[PDB]
Amino acid sequence: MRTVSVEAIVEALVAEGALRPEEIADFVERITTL
Amino acid sequence: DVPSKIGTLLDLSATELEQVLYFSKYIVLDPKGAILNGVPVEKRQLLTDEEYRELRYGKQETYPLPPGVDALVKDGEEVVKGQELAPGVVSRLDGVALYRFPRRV
Amino acid sequence: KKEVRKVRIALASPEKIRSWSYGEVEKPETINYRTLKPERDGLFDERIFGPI
Amino acid sequence: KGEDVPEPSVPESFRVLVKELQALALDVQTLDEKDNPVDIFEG
Amino acid sequence: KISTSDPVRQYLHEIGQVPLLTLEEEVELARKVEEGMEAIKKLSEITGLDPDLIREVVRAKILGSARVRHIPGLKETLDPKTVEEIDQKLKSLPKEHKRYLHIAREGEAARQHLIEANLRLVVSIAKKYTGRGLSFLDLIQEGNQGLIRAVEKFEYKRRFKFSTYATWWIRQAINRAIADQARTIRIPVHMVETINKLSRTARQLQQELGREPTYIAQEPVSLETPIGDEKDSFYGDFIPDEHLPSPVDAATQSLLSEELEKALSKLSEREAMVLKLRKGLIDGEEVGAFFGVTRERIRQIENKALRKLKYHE
Amino acid sequence: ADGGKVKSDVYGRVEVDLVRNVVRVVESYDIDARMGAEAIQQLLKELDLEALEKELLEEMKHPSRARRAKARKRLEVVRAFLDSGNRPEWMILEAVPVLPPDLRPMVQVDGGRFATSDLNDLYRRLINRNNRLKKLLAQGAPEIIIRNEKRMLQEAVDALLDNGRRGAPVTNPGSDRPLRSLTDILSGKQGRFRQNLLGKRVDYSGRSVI
């Protein structure tokens, strides 16, 4: 199959200038679980 | 899509005859369907399960009898449109009466 | 080696659709959790599509 | 290497748009100068 | 139109035309089915053909005409040209032998009238599996796969009726498939009611205790989801990768597996296999690791096995 | 009946009565009445586009105005098929092509968590429906059951081809948001056609203040 790691993808999202580390943080936090 | 591709190619107003038959169990005739209805063979035309069941099963019918009444089971051969079968058992479907499940012999 | 000056879109006969394909997707089996590897004849088969 | 960069080959966008159209039952061929079949998937 | 009520007025309309009389009409059909059962068997002797071959020629002539060619053992045969050869070789068997046919026809046709009338049962069985992991139409069709699979087996001879005999098989094909097609991975038959059982203590502790306490199951998030200020990004867009080749997989298990069986067979098979297959084949345990010895000698021989297996003096 | 003595006149289906030793004949005949896409595949095979053009030429000009409008619009598609188009039988599928796997992948995210292209669950749904249809034909075909399953099959083809055209199919009872179909990927915000024109990120590049 195929692997991946979210910590590096999140830092890339934070660098990309989409939203602030607040919104991306809420995103990763909903990503974690419910 | 906006201009029916099949519904403009095949002949069906392009809109409902399609929606009606692909998704549901409604039906169009293809090829010779000889049997009767208010007309002969409907080469291209649509119908319901109601009038399709009157062309595959026929015209059966059920008429309940409270436990103890029985009028004309001995007339297990013949019946007309709107005939009496018991005190409160009319029969508008026109056909042949038939014994279903006896009790007293 | 040869140049591509034209593109045409047509409708594809199911006999075509079978030609482009390499084998049939048999089972609704993506991959199992135990081994991260393609299941029996699933959507991610290697014989059908190629090596991951 | 020290070489010059070659362009394609075929482009990624072109092969993908074929097979991705091909996912729906659309026969998209590529043609030569005279109408003729051209295989764009590099053997 | 919307297909929520259409299967309902499709069911409840011939189930309204045939709501089976619980004894007269129900037992009549089950008899004819078994009438057709043995009549086909007796026709298999007179003609020398497969029984399920014969039942299937009956099915084709009852429904008028279909292309449903499948048989166990035989997958196919010339359908529209040969079924009528079969029907005319049946026209030759005399008065003694054609009545088996007449009964076999009436029996399999009643089999359909049986099913078609008992589908409102399936409606109210699958109704207690609403939020389980399958759409309500997948559920009824898995339920209709069970009520069909209950018609092969029912024995009217024992007086218990079919309304309660089929609830089992229907609820057996539903719980068959919910354990299969609900999540992406083919989930264990076990973990269904292990996940379902914590979900019914979580709602019996969160009712009161207010705490989220101490002491292989999660749900997929799709690939495309607008992140950020509900913008145009899709979530696959921000995933870079770890590596392409994925080495130490095939070249490792190839050594890994073969060098296992080497030492695994060089000591006693009663020794090495107790754990080869306990820790490696299905589950785990050691309260019942024992094929019939004390819970103390298995721990004894287990450990002592590995030790001479680890290093030989 | 009796080997030749009796012969039923009316059209119908046969009942064999074993008690009163009679045969009933209830009104029906082979009524070749079909439902769903299987019917329409035939109606396209059985079609003379040459004749339909010559036909439509006449409903075009000779019937007065306010009627030929639909004839023209109907003539365009027939005349489109007759040109370098194809035969319309193709417009219904009996073979569904599967997109290659790496264009709609499945991955393993935080050690034990996955991410899924919605196409993959739409493709699994159809493998589900199609396989159950197969097994329901082998294990006896009570019609209204086989018809539900075929309905489910068309619904799941319409699903992975194009959602939102009939009400959208959802993933679970939490992300009630349409699964991304083969139609979504060829249009919309990024899609396939537009994104190439719209502009991509670029390796050998930078910013700074000037």
# chains A, B, ... in the order shown; residues from 1 in each chain; ligands from 1

$ interface_residues --of "chain A" --to "chain C" --cutoff "12 Å" --atoms "only C-alpha atoms" --output "list in words"
residues 1, 2 and 3 of chain A

$ select_by_dssp --residues "chain F" --states "helix (DSSP H, G or I)" --output "PyMOL selection string"
chain F and resi 37-45+49-61+68-82+88-91+101-103+118-138+143-161+184-186+193-198

$ atom_distance --atom1 "atom CA of residue 99 of chain F" --atom2 "atom CA of residue 23 of chain D"
4.8 Å

$ interface_residues --of "chain C" --to "chain D" --cutoff "9 Å" --atoms "only C-alpha atoms" --output "compact mmCIF listing (two decimals) with C-alpha atoms, in the first residue's frame"
# COMPACT_ATOMS: atom_id res chain seq x y z
CA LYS C 2 4.30 10.94 -35.01
CA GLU C 3 2.58 14.23 -34.23
CA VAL C 4 -0.81 14.79 -32.63
CA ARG C 5 -2.71 17.40 -34.64
CA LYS C 6 -6.27 16.25 -33.88
CA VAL C 7 -8.41 15.00 -30.99
CA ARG C 8 -11.89 13.50 -31.37
CA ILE C 9 -14.46 12.50 -28.75
CA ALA C 10 -16.88 9.71 -29.66
CA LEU C 11 -19.11 7.25 -27.84
CA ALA C 12 -17.31 4.11 -26.73
CA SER C 13 -18.83 0.72 -27.50
CA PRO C 14 -18.77 -1.68 -24.52
CA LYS C 16 -14.18 -0.96 -26.76
CA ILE C 17 -14.58 -0.39 -23.00
CA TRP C 20 -8.91 -0.45 -22.94

$ atom_distance --atom1 "atom CA of residue 267 of chain E" --atom2 "atom CA of residue 309 of chain E"
7.1 Å

$ residues_around --residues "residue 51 of chain B" --least-positions-apart "4" --cutoff "12 Å" --atoms "only C-alpha atoms" --output "PDB file with N, CA and C atoms, in the first residue's frame"
ATOM      1  N   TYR B  26     -42.000   0.732 -14.241  1.00  0.00           N
ATOM      2  CA  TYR B  26     -42.906   0.978 -15.356  1.00  0.00           C
ATOM      3  C   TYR B  26     -42.290   0.475 -16.660  1.00  0.00           C
ATOM      4  N   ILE B  27     -43.141   0.358 -17.678  1.00  0.00           N
ATOM      5  CA  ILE B  27     -42.898  -0.544 -18.796  1.00  0.00           C
ATOM      6  C   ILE B  27     -43.397   0.075 -20.096  1.00  0.00           C
ATOM      7  N   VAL B  28     -42.662  -0.172 -21.182  1.00  0.00           N
ATOM      8  CA  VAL B  28     -43.130   0.062 -22.541  1.00  0.00           C
ATOM      9  C   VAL B  28     -43.079  -1.264 -23.292  1.00  0.00           C
ATOM     10  N   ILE B  35     -52.242  -9.126 -26.625  1.00  0.00           N
ATOM     11  CA  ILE B  35     -53.414  -9.304 -25.774  1.00  0.00           C
ATOM     12  C   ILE B  35     -54.216  -8.015 -25.607  1.00  0.00           C
ATOM     13  N   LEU B  36     -55.392  -8.142 -24.992  1.00  0.00           N
ATOM     14  CA  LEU B  36     -56.416  -7.116 -24.938  1.00  0.00           C
ATOM     15  C   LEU B  36     -56.180  -6.102 -23.825  1.00  0.00           C
ATOM     16  N   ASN B  37     -56.900  -4.999 -23.963  1.00  0.00           N
ATOM     17  CA  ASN B  37     -56.984  -3.891 -23.032  1.00  0.00           C
ATOM     18  C   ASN B  37     -58.051  -3.027 -23.685  1.00  0.00           C
ATOM     19  N   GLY B  38     -58.106  -1.745 -23.358  1.00  0.00           N
ATOM     20  CA  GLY B  38     -58.996  -0.872 -24.098  1.00  0.00           C
ATOM     21  C   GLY B  38     -58.627  -0.659 -25.560  1.00  0.00           C
ATOM     22  N   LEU B  46     -46.600   3.037 -23.044  1.00  0.00           N
ATOM     23  CA  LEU B  46     -46.273   2.722 -21.658  1.00  0.00           C
ATOM     24  C   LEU B  46     -47.508   2.300 -20.867  1.00  0.00           C
ATOM     25  N   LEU B  47     -47.248   1.762 -19.673  1.00  0.00           N
ATOM     26  CA  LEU B  47     -48.301   1.323 -18.764  1.00  0.00           C
ATOM     27  C   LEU B  47     -47.722   1.179 -17.358  1.00  0.00           C
ATOM     28  N   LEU B  55     -52.062  -8.099 -17.425  1.00  0.00           N
ATOM     29  CA  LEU B  55     -51.658  -8.729 -18.671  1.00  0.00           C
ATOM     30  C   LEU B  55     -50.665  -9.866 -18.472  1.00  0.00           C
ATOM     31  N   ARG B  56     -50.130 -10.042 -17.261  1.00  0.00           N
ATOM     32  CA  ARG B  56     -49.307 -11.199 -16.928  1.00  0.00           C
ATOM     33  C   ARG B  56     -50.036 -12.190 -16.027  1.00  0.00           C
ATOM     34  N   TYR B  57     -50.633 -11.734 -14.918  1.00  0.00           N
ATOM     35  CA  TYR B  57     -51.380 -12.688 -14.101  1.00  0.00           C
ATOM     36  C   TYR B  57     -52.773 -12.952 -14.650  1.00  0.00           C
ATOM     37  N   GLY B  58     -53.453 -11.915 -15.125  1.00  0.00           N
ATOM     38  CA  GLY B  58     -54.861 -12.038 -15.442  1.00  0.00           C
ATOM     39  C   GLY B  58     -55.714 -11.150 -14.560  1.00  0.00           C
ATOM     40  N   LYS B  59     -56.858 -11.649 -14.101  1.00  0.00           N
ATOM     41  CA  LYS B  59     -57.792 -10.832 -13.331  1.00  0.00           C
ATOM     42  C   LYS B  59     -58.321 -11.586 -12.113  1.00  0.00           C
TER      43      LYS B  59
ATOM     44  N   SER F  28     -53.995 -13.455 -20.959  1.00  0.00           N
ATOM     45  CA  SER F  28     -52.625 -12.987 -21.099  1.00  0.00           C
ATOM     46  C   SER F  28     -52.097 -13.595 -22.393  1.00  0.00           C
ATOM     47  N   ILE F  31     -46.551 -11.024 -23.447  1.00  0.00           N
ATOM     48  CA  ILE F  31     -46.545  -9.579 -23.567  1.00  0.00           C
ATOM     49  C   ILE F  31     -45.109  -9.147 -23.329  1.00  0.00           C
ATOM     50  N   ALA F  33     -42.963  -7.041 -22.413  1.00  0.00           N
ATOM     51  CA  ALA F  33     -43.030  -5.796 -21.672  1.00  0.00           C
ATOM     52  C   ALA F  33     -41.831  -5.735 -20.738  1.00  0.00           C
TER      53      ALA F  33
END

$ interface_residues --of "chain B" --to "chain F" --cutoff "10 Å" --atoms "only C-alpha atoms" --output "PyMOL selection string"
chain B and resi 1+3-11+13-14+18-36+41+43-44+46-47+52-60+95-96

$ residues_around --residues "residue 72 of chain E" --least-positions-apart "5" --cutoff "12 Å" --atoms "only C-alpha atoms" --output "ChimeraX atom specification"
/E:50-53,56 /F:135,138-139

$ atom_distance --atom1 "atom CA of residue 43 of chain D" --atom2 "atom CA of residue 186 of chain F"
26.2 Å

$ closest_residue --among "E:246, E:109, E:226, E:103" --to "chain B" --atoms "only C-alpha atoms"
E:109

$ closest_atom_pairs --of "chain E" --to "chain C" --cutoff "12 Å" --atoms "only C-alpha atoms" --output "JSON lines"
{"residue": "E:180", "atom": "CA", "partner": "C:29", "partner_atom": "CA", "distance": 9.5}
{"residue": "E:181", "atom": "CA", "partner": "C:28", "partner_atom": "CA", "distance": 8.0}
{"residue": "E:182", "atom": "CA", "partner": "C:28", "partner_atom": "CA", "distance": 11.2}
{"residue": "E:183", "atom": "CA", "partner": "C:30", "partner_atom": "CA", "distance": 10.2}
{"residue": "E:184", "atom": "CA", "partner": "C:30", "partner_atom": "CA", "distance": 6.6}
{"residue": "E:185", "atom": "CA", "partner": "C:32", "partner_atom": "CA", "distance": 5.0}
{"residue": "E:186", "atom": "CA", "partner": "C:32", "partner_atom": "CA", "distance": 6.2}
{"residue": "E:187", "atom": "CA", "partner": "C:32", "partner_atom": "CA", "distance": 8.0}
{"residue": "E:188", "atom": "CA", "partner": "C:32", "partner_atom": "CA", "distance": 10.2}
{"residue": "E:216", "atom": "CA", "partner": "C:33", "partner_atom": "CA", "distance": 8.4}
{"residue": "E:217", "atom": "CA", "partner": "C:33", "partner_atom": "CA", "distance": 9.8}
{"residue": "E:218", "atom": "CA", "partner": "C:33", "partner_atom": "CA", "distance": 11.2}
{"residue": "E:243", "atom": "CA", "partner": "C:52", "partner_atom": "CA", "distance": 11.8}
{"residue": "E:244", "atom": "CA", "partner": "C:52", "partner_atom": "CA", "distance": 8.6}
{"residue": "E:245", "atom": "CA", "partner": "C:52", "partner_atom": "CA", "distance": 8.2}
{"residue": "E:246", "atom": "CA", "partner": "C:52", "partner_atom": "CA", "distance": 8.9}
{"residue": "E:247", "atom": "CA", "partner": "C:52", "partner_atom": "CA", "distance": 11.5}
{"residue": "E:249", "atom": "CA", "partner": "C:37", "partner_atom": "CA", "distance": 10.6}
{"residue": "E:250", "atom": "CA", "partner": "C:37", "partner_atom": "CA", "distance": 11.4}

$ closest_residue --among "E:239, E:173, E:18, E:223" --to "residue 9 of chain A" --atoms "only C-alpha atoms"
E:239

$ closest_atom_pairs --of "chain F" --to "chain D" --cutoff "9 Å" --atoms "only C-alpha atoms" --output "CSV"
residue,atom,partner,partner_atom,distance
F:90,CA,D:25,CA,8.9
F:91,CA,D:25,CA,8.7
F:93,CA,D:25,CA,7.9
F:95,CA,D:25,CA,8.8
F:96,CA,D:25,CA,7.4
F:97,CA,D:23,CA,5.5
F:98,CA,D:23,CA,5.8
F:99,CA,D:23,CA,4.8
F:100,CA,D:19,CA,7.7
F:103,CA,D:20,CA,8.2
F:161,CA,D:24,CA,7.0
F:182,CA,D:24,CA,7.1
F:183,CA,D:24,CA,8.5
F:185,CA,D:20,CA,8.4
F:186,CA,D:21,CA,7.9
F:192,CA,D:17,CA,6.7
F:193,CA,D:17,CA,7.8
F:196,CA,D:13,CA,7.5

$ write_last_selection --atoms "C-alpha atoms" --output "PDB file, in the first residue's frame"
ATOM      1  CA  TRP F  90     -23.669   2.631 -26.970  1.00  0.00           C
ATOM      2  CA  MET F  91     -25.478   5.359 -24.979  1.00  0.00           C
ATOM      3  CA  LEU F  93     -23.627   0.856 -20.606  1.00  0.00           C
ATOM      4  CA  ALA F  95     -19.505  -2.479 -19.222  1.00  0.00           C
ATOM      5  CA  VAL F  96     -18.371   0.162 -16.714  1.00  0.00           C
ATOM      6  CA  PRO F  97     -14.751   1.345 -17.106  1.00  0.00           C
ATOM      7  CA  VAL F  98     -12.754   1.707 -13.899  1.00  0.00           C
ATOM      8  CA  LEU F  99     -10.456   4.706 -13.558  1.00  0.00           C
ATOM      9  CA  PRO F 100      -6.814   3.760 -12.819  1.00  0.00           C
ATOM     10  CA  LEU F 103      -5.714   8.983  -9.915  1.00  0.00           C
ATOM     11  CA  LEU F 161     -20.854   9.067 -12.834  1.00  0.00           C
ATOM     12  CA  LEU F 182     -16.402  11.383 -12.226  1.00  0.00           C
ATOM     13  CA  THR F 183     -18.329  14.470 -13.363  1.00  0.00           C
ATOM     14  CA  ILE F 185     -13.452  15.994 -11.454  1.00  0.00           C
ATOM     15  CA  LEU F 186     -13.931  17.317 -15.011  1.00  0.00           C
ATOM     16  CA  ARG F 192      -9.279  18.737 -15.024  1.00  0.00           C
ATOM     17  CA  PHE F 193     -10.062  21.089 -17.913  1.00  0.00           C
ATOM     18  CA  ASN F 196      -4.402  23.578 -16.351  1.00  0.00           C
TER      19      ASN F 196
END

$ select_by_dssp --residues "chain C" --states "strand (DSSP E)" --output "PyMOL selection string"
chain C and resi 6-11

$ residues_around --residues "residue 16 of chain A" --least-positions-apart "6" --cutoff "12 Å" --atoms "only C-alpha atoms" --output "list in words"
residues 9, 10 and 24 of chain A; 228, 233, 237 and 238 of chain E; 201 of chain F

$ write_last_selection --atoms "N, CA and C atoms" --output "JSON list (two decimals), in the first residue's frame"
[["chain", "number", "residue", "atom", "x", "y", "z"],
["A", 9, "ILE", "N", 2.57, 17.39, 6.53],
["A", 9, "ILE", "CA", 1.58, 17.94, 5.61],
["A", 9, "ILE", "C", 0.95, 19.19, 6.21],
["A", 10, "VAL", "N", 0.78, 19.19, 7.53],
["A", 10, "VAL", "CA", 0.17, 20.32, 8.22],
["A", 10, "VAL", "C", 1.09, 21.53, 8.18],
["A", 24, "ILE", "N", -6.10, 26.10, 10.60],
["A", 24, "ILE", "CA", -5.43, 24.84, 10.31],
["A", 24, "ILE", "C", -5.37, 23.98, 11.57],
["E", 228, "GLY", "N", -10.01, 25.28, 5.48],
["E", 228, "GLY", "CA", -9.79, 26.70, 5.64],
["E", 228, "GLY", "C", -11.12, 27.42, 5.79],
["E", 233, "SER", "N", -9.78, 24.67, -1.61],
["E", 233, "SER", "CA", -8.81, 23.59, -1.44],
["E", 233, "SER", "C", -9.51, 22.25, -1.23],
["E", 237, "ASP", "N", -4.72, 17.86, -1.50],
["E", 237, "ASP", "CA", -3.79, 18.81, -2.11],
["E", 237, "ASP", "C", -2.57, 19.07, -1.23],
["E", 238, "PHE", "N", -2.68, 18.84, 0.08],
["E", 238, "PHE", "CA", -1.60, 19.14, 1.01],
["E", 238, "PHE", "C", -0.96, 17.88, 1.58],
["F", 201, "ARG", "N", 1.41, 25.63, -9.24],
["F", 201, "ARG", "CA", 2.64, 25.98, -8.56],
["F", 201, "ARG", "C", 3.83, 25.50, -9.38]]
